[PDB]
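As structure tokens, one chain now follows by itself in the form deposited in one PDB entry.
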């Protein structure tokens, strides 16, 4: 159609937990996003990494993305890429920007748990209540098989337990110590960092945004209730046509009762802050961020496809 999203460097979309480029080689993780961007002049590639793994380490998603980035550069003739990651994908993108600064032009994170997820702490805690530890083995096997079956390439490198640990708040803090970034504020300050970073002589434009559909709206007897602001109260069709809508409202309620404050169901506003924070006001739950569960979203939710398209134009204007 035009070149509204024509960035200088190829855009690589990076999925998070459970992800792959196409679930069962059928359902796109970034629903309708690659198509939209390409129609608007962008060169876009979608990474296919382990849906369950840590980001650092020999078998981690980081080295996987690094290797993938190199194949994209070789195929396009480009020298750098613009990394756009969702959820854990943002942490994976930070890893590549840190170890291979010369291959990255920018890093954009969408609903990325830079400080971990209180829901991860929760799930990890639940498993800890099994004195035999057997549930960790059983559930891991179940989740790992899920990863293999849904992976577009049936990637057998799945480690659900490592993935869970990676997303906890305590581990995330350690990750930030091992992979510092000028785009990050001080731990526990709920502040972002700088809009750019210069690593090894290579400058990166840093961006982020978060979904805050889940808002704490009432507290009684120690219990805190939340409201899904992405939907028209009770009657919104999104509650019926997209099962993740009520599910994230539920996990989001657990989050608020663990002191997370506004969140998207699994990532808090504070945890998602990185680089130039474009917005933390989108009335989105975690999957709305990627136009998911087939493009269904609450009546009060902004268009995620348009938001991403506009960001591509933003990158273009910024020179990357």
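Residue numbers count along the first chain shown, from 1. For clarity, a rigid core is taken as the largest C-alpha set superposing within 1.5 Å between two forms. Shifts are known only where both forms have a C-alpha.
Stretch comparison (61 to 69 versus 25 to 33) by mean CA B-factor in the PDB entry places 25 to 33 on top.
Per the PDB record, of the two stretches 71 to 79 and 102 to 110, 71 to 79 carries the greater mean B-factor over its C-alpha atoms. For the set 194, 226, 210, 84, the PDB entry puts the maximum C-alpha B factor at 226. When the C-alpha B-factors of 141, 91, 206, 182 are read from the PDB record, the largest value belongs to 141. For residue 276, the recorded CA temperature factor ranks within the lowest third of the chain's modelled residues.
Ranked against the other modelled residues of its chain, the C-alpha B-factor of residue 116 as given in the entry falls in the lowest third.
Residue 1: CA B factor lies in the highest third for its chain, per the PDB record. Residue 123 sits in the middle third of its chain by CA B factor, as recorded in the PDB entry. In the PDB entry, a CA B factor belonging to the middle third of its chain's modelled residues is recorded for residue 291.
Beyond the structure shown, there is the form deposited in another entry, which is absent from this document and is the topic of what follows.
In the core-superposed comparison between the shown form and the other one, the C-alpha atom of residue 294 has shifted by less than 2 angstroms. In the core-superposed comparison between the shown form and the other one, the C-alpha atom of residue 26 has shifted by at least 2 angstroms. The gap between the Cα atoms of residue 193 and residue 19 is larger in that other deposited form, by no less than 3 Å, than in this form.
Relative to this conformation, an increase of 3 Å or more in the Cα-Cα distance between residue 307 and residue 19 is found in that other deposited form. Taking residues common to both forms and aligning the rigid core, Cα displacements of 2 Å or more over three or more consecutive positions between the shown form and the other one occur only in 19 to 26.
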